[PDB]
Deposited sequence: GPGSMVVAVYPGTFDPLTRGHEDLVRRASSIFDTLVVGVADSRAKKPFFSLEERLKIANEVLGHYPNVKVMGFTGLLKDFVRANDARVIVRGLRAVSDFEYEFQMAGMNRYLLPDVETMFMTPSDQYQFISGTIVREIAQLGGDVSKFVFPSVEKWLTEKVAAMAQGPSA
């Protein structure tokens, strides 16, 4: 059979933890669609278009990975992609179970499947990544060199 899985997120920016999940999920499912949510309410540091370019630079080499943005409901993005799985990361839960439970009513034949990144990525926080970068600290332990470049450029252009 052919199974498409969606991995949605704000990805502000894509971290080594997100990337590791992408590697892992994409070896299981036929197609893995990385869905970059507009996330207007969260006031993301990078624009949607920047977040797509960031993610594409890191992920473009995976042959069965598509990176796409969405501005609307996850329901509509999942159906559009003929997807029967939503992948989400769990690190060692409030939000995730609510989201999954509500998606059981909104997308009744879609399965949310929780995956866990490698040990070394378990403790990466996006908020802490952005904060460190905005204070001029390097986050190359947490994001790829291409992403660090984007962070440096945006912080410099902000100040």
{"item": "Regions of the deposited sequence not represented in the model", "value": "1 to 3, 96 to 98, 166 to 170"}
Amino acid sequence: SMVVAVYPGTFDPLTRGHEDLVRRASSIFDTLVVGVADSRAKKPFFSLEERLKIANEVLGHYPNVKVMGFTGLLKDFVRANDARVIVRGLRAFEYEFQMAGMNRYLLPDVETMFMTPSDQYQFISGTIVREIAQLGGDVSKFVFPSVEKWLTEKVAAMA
From here on, numbers count along this sequence of modelled residues.
| query | finding |
| --- | --- |
| 7 to 15 or 137 to 145, whichever carries the higher mean Cα B-factor | 137 to 145 |
| Peak C-alpha temperature factor (PDB record), options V129, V34, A41, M113 | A41 |
| Ranked C-alpha temperature factor of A80 among modelled chain residues, by third | highest |
| Chain thirds of CA B-factor: placement of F45 | middle |
| Modelled-residue ranking by C-alpha temperature factor, third containing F70 | lowest |
| B-factor third for the C-alpha atom of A92 within its chain | highest |
| Within-chain third of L59 by Cα B-factor, per the entry | middle |
